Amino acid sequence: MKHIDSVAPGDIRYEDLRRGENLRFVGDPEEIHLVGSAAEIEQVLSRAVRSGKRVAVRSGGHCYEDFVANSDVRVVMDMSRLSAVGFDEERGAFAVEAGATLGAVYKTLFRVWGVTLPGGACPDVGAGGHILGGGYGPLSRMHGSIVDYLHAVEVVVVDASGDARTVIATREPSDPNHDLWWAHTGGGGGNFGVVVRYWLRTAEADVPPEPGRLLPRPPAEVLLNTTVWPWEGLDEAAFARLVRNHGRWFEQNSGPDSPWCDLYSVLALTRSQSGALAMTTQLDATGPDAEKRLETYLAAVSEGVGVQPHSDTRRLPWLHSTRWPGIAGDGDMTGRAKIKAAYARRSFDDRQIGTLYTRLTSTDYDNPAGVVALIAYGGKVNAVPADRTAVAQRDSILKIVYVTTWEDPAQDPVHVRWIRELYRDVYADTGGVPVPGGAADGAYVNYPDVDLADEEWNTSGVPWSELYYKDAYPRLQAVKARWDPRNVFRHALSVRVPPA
C-alpha cells in the first residue's frame, strides 16, 4: 500500500534486485522502486520522464533477453509487493497482480476455487511478463492460451505531455480502451505501459457468476511419464525415425477437436554427450482408458525405432503434478543460458533432421547441455481466430526451443555461436529464421531472441516484428502510437511506430 525507500547502489538488496533470474544480464539502475500501488507507479514514471531517465519494469524476472537489465536502464519498477491473487467481486473476475508468480496463481486458484489458467510450466515466472506475452503451458492444448481468459487489465501509461495515468482496458468491444486491452493479449512485456493487475475469466456467455465456474477446471489427476532412450547405439536412422514418428503424430493429433487435447509432452533432443534422449508426457488420468491412451502415444513415438526406451509412469493429483520437476523444470536458474524458438506448423523435414543429428552428435562442440525441445501445442489454442488476440499463431502444432547452457562467462561466444549456427542451419531454406506462414509460423515473444533482428543472422528479409506478431504488428503499432507516443517503454525488440 504505502511507498518505501527505493534501492540504490550500496543497499544490501542491490546485488539481488539489479538482476532478474537471467544471470547473463547485470543492470546498473540508479534506483530500484518496490512499488506498492498504481498511484506510486504514476509518480515514479512522471519524475523519470521529466528527468530523461530510462525506465523498465521487473515482475518475475524471467526475461530471456536484457530488456530490463541492459546498461541504459536507470530506474527499475520492481513489482514484488504486488503479488496478490484473488477473486474481485467488484468485476466478477479473478485479479492477478503483475508481481504474482505462476505457482502462487495455480495454488490459490485451485486450492481455493478449484480452477486454473492454462499458463506456463515454471512456478517462478511472473504474471507481469507472462500473460502480456501470450503465456501457455501444459493445459494449453486443453484450454487455450492464458490470454484467452483476459477480461481486463489495469495499466499505467504515459501521455504525450509526459503525465502518467492509470487506465482500465477491457474485452468489451464498445470500451474506448479496447485496443489497449487487445494489445495485452500477446503484445509482450515492456511496450505499452506498466501492468498493475490483470483480470481473468471465461468469455462464455451462459455462466452463473460463481468464481468456481468462471475459469477452466484442470484434470483432477494426471499420468506423468518419463521415457529415456540411451544415445549409445542410437544411429542416424534411429534418431530420424523417432523424430518423424513424433512429428507425424503431432501433425495428425493437434486439431482443436482432437480427443488428444488432454495430452502434453516435451521431447528433448539432447546432445549425444548427455548419454540420453528424453521425453516427458502428461495425460488427463480421469477418463476411462487413460493408461492405454498413454501407452498408444509412447508406442507411436518409439515405433520401429530399434532402441528400447526405459519408461516410467506415475499418477498424481493435479496441483501436486504441477510441481513435479519433470513438468516444472529443475528450478536451477544459476547458470548462463541462450534460448531461441520457433512455431512449427508441420514437423521437421529430412534435411532439418539431418542437421539436428549432426549438430547434436558433433565433436566440434563440447557441452552435454544443448537441447532442441519439441513442446506439444495447438489443440484448443487453435480454436481461436488468429486476429482475436495479439497471439497470431493459431494453427501451430509444436513450439520448438533451442537451448544451450554453461557456466563460465568467458565461454559466452563459443556457446552463443553453437546455438546461432544450429538454428540458422535448421532454418537455412528460409534465411536462417522461421518465416511465418509456411513450414514454420515465426517466433514466440515470451522467448525473445535479439538475433531475429540482427541482419547477420536473419537473412530472410522478414523483419523481427513480423516473425513475432505477423499481421498483428500494424495494430500493435497503432496502440503504441496511441498510448505510448513518447516511446517511454522500449528495449531491443519493442513495438515501434513507423518512421516519421
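Numbering starts at 1 and follows the sequence shown.
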(message) When the other structures of this protein are compared, and only where the residues around it are present, is residue 367 absent from a third or more of them?
(response) yes
(request) Note whether residue 299 lacks coordinates in a third or more of the other compared entries that model its flanking residues. (result) no
(request) Identify the stretch, either 22-30 or 56-64, whose C-alpha atoms have the larger mean B-factor according to the entry. (result) 22-30
(request) Going by the average Cα B-factor in the PDB entry, point out whether 451-459 or 65-73 comes out higher. (result) 451-459
(request) Tell me, please, which of 148, 289, 78, 395 has the highest C-alpha B factor according to the deposited entry? (result) 289
(request) Tell me, please, which of 299, 386, 383, 157 has the highest C-alpha B factor according to the deposited entry? (result) 299
(request) Could you say whether, by C-alpha temperature factor, residue 404 belongs to the lowest, middle or highest third of its chain? (result) middle
(message) Taking only the Cα B-factors deposited for this chain, tell me whether residue 500 sits in the lowest, middle or highest third.
(response) highest
(request) Select lowest, middle or highest to describe the third in which the CA B-factor of residue 283 falls within its chain in this entry. (result) middle
(message) Per the entry's values, where does residue 265 land by CA temperature factor relative to the rest of its chain, in the lowest, middle or highest third?
(response) middle
(request) Could you say whether, by C-alpha temperature factor, residue 493 belongs to the lowest, middle or highest third of its chain? (result) lowest
